[PDB]
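Inspection log for the structure reproduced underneath, given as structure tokens.
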Ligand SMILES: [Zn+2]
Ligand SMILES: [Zn+2]
Ligand SMILES: [Zn+2]
């Protein structure tokens, strides 16, 4: 019999082979292989206005990542060069064009339509298939997973969107109008179509179609699709006597329309009101063609299949009206499909290619009209070659990927890649987001559905409004890629199902759906699903095909589409798992791989649909006869950061969530390239350590090669009250010996811009002549070329790169790049590069030492967070009777009401591991039990309770109670007080409001909002309110005439105030006011609003 | 006292919006239970304590319980 | 202003002006990225 | 990056004992007996040798001049 | 109970009228659902789903004061 260790040996091979970012790489590879060709075939060809001239598209291929230098050469490009030079890692797309003249094709001409960004480490990238040494020579970390783009030198990652499954019917309840609605989102060539059939209180079926202003009666639009005879609708809707009765009632209520022409004219009147006779008919036909179920086929021949699908939808609606079937919950992951990188990229490419072909036809038509026929037809090759502008496509792609605003209203599709440490990056690469608006509650959407088990991490989720709408994939997840649909359709047809049009769905027969569209009927659904399962397990067909049957409604569902989330499971046959001991031995020896197990019928992937028919056994010893599958490793249901917490089942859920979220903020050696990388911010921990108590997963996923914390000696007692309310006390001698000591990097960047007209910037030491020339002491360590010396000391407002700009908005503006006003450090490296445009580009990084101090934030993996409350000399710290001096002291009040027994278990385990000389397994559910740790601690000469006797540091006599002390893994967070302190005395001001600026960088002021105003009113301090609001910001003086109240206009020339509107000078008074109020008066007078001011004397 | 009895005896019953855990597959929260089961354990009752450790199903139920409190504060 | 600039890839001692230079490249490996080497002056850092 | 010179808690010099410990434990010796032989007795010192990871070797490849 | 009005003999006018007749409320004050009775202290009190305060005060057996 197998044990969880053998299943672990099997499971680790999955990550050993596939990796952790396969959902990006596989989708992008499929896109490159076939999506470009599919889109090109979809567009077809160019149709200009030139007589007897046509262009037919051929094949499209992608070159290698290259860069067009400002100088004529074209050279290979590597990712590090793109990062340093602010380039864009991309490859040119070559498309062949066949010219058709007088219905005759010629020799195709190869043209360059633009450049397409390359996802790193894909099958087309340069880093694919390289060894570790080659990657190191190229300047990259071998542990880097790839799967992200580089746009203008910044790393952009595409987060997967979670959309409703397409071309599927979902029936919902609308109790406000008492309408029972079914909705389908039909997809064809990137266009979406929300088609709904609904039944109101009257029992009449109405159909909603896009671009149709009002719902139309069901049988009206059904007749408009041909199929005019009432018996045809009666048959299509089904063969249930109540259903036939309701359909006949609808027919009686809609006997006005009996001819397809009548219905077409009717929809013409609705969709095109008040227009010509011929226009409305064509508009109605067009709307019917490309707005009613486009996925079924836009060709006018396809009316019959669309009518059949509409009848199926109406049947579902009326069946739910009778309570036969219940409402379908949208959160069920059978109804949700993830939008991977490839799908979104294909949509964007199609959008840009439309503009490209439009520009091509415009340019060709314009050139032919301007010139003569001889000039064009003499050399058609040169004409086509010179009638193309690739920048139209390239700039669209680049800007869409850079800003993140997809064409179609989507925003935030691509986000800047996080690089704080290993966990943060790898977790960002595995994120799933929902398109719903965050402001609304969305109580049902944010909850944890039962189908998320094994597909979505239950703990890792944001804290704020994003709680429940942003989720991360579980460790044992496998997103699918699509397969040729027609081949699956042919195989199913050959299996024995009769086509749909031959016979109607007699309730004695089983409906069969392929990717949500009905395709035929069968008699024995169970035999069919068993046959398909056997073929799938043998290896006859692909492993992406999933089959599920529903006994109650007699339906069979076959899924082969893109974006389903699946998990692996061991197949159980007759109560015996198919994975035997010798298979585990073969996997261990390397003779067998995970893919071989998949192809051998031992392990099969299950999506949310097929899992409906499963009955999974959790543990190997619990397998009984009725079980059909066995769980591989229950500890893998957690996300990547959530696996960091040891003994996570001993903690309260909110604390586990906090710890998982905080594991992405700790400092540490995230990547080996930190020395030569150029990121805006970065941290490095001087002495990282592997956790003593760790889960076995992070050794496999590679975390232990890039640790992000240290092992502290923690004692739990109250000390002087300086550790109260989640504050910690840290030893001083330990800090002075290199504990939690870190370094902070920040990269500044300057560019020698080349303005139009020849006036360019230059790097130099600014002479005192120039305007804006700051103090001489600021440029004190710059070399004569205008660049700072490496390993020099800067302290704030010091110039790093001296640069003077042309006076064009006999002088020279000073535009040097200086350190941030509140920062400090030492210059680490200076890089001189030539940017993409041919000008110069300089990047400087300043490193700063950050010894721990008061206010610095520390946190454990179990959710306990705090700031350093006091630093204590070593001689004042207590010491145990065995000679141990605590590194850090926590408050005993933080343990209860936080309920984190896992922290105490880890505290015991750390000291047990340190005494025993071996690390301790702390896996989620198979880790070392607590009782074993306590017994081992007892065997080593310590108390089983983990408590010890200490002596007080000051008095020197032992404390009355014995104290708990152990070793716990603590992480230093990047919220450090040196980056949060901010002060403002006078500072600069804004332009429009003249209030203090906003932000620490520009010496901004803090915000005194409305709530503070109400607080100050509640205290009853009027003059304090005046002082805080008006006196220190926007003081003003204004003259006003005493009969109109219009703002009197002073005359500096005549030294006399007067009313321009009123012509008054007898009485003008001077009034104090705020600048904001004056601007509000001006803005009211901008409209026709006239505010008349009445003055009074105090 | 609730913290003590949850760290020492048992967590108890997990619920969302005042009802037992019901969202999931058809007739069952997780695929590891038979459909149509209404037993105590099958709907959220956790018979273990934080000190004694939770089985994976109890862990999932407890996470489903805590998510409600998080979103509750966020909207409140 | 003549100055020394180490190359990014091969780490060679490239010396050239930058104010007057129009095309920046390493004359050995053709790289367009160079470093500014540390000066040969003594720096004093506290061993705290 | 590299092995610390002194134990963070008590201050005993353990910088020179890491390579010997690693070689002995890799050879097959019981780690507990190896740590006892090296003189480390309090677990604060043993933790530093046990949990240390050598990262100076794989960051030495990227040079900055 | 069997209800078969003249308009219900045809196909199109049966289910709606039958449901409407089946909906009618009897024996009850308008807009009042369930009625829980519980003794508080030594006095029984009534609680109702829905509300019609204007009409209840004239129902015999009710104490209008409290
Ligand atoms: Zn006036
Ligand atoms: Zn070079
Ligand atoms: Zn020590």
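Just so you know, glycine gets a Cβ as well, placed from its N, Cα and C.
Residues or ranges marked as Zn(2+) binding site by Swiss-Prot on the basis of sequence analysis: D:7, D:10, D:44, D:45. Within the same chain, residues at least 6 positions away in sequence whose Cβ sits under 8 Å from that of residue D:45 (Zn(2+) binding site) are D:7, D:9, D:10, D:12, D:14. Mapped onto three states, the DSSP output places residue D:45 (Zn(2+) binding site) in helix.
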Which residues, same chain and not among D:7, D:10, D:44, D:45, have a CB within 8 angstroms of the centroid of the CB atoms at the recorded Zn(2+) site? D:8, D:9, D:11, D:12, D:14, D:40, D:42, D:46, D:47, D:48
Give the residue from the binding-site residues D:7, D:10, D:44 that has the most other Cβ atoms within 10 Å of its Cβ, counting over every protein chain displayed. D:44
Hits for chain A proximity (Cβ under 8 Å) within binding-site residues D:10, D:44, D:45 read D:10, D:44
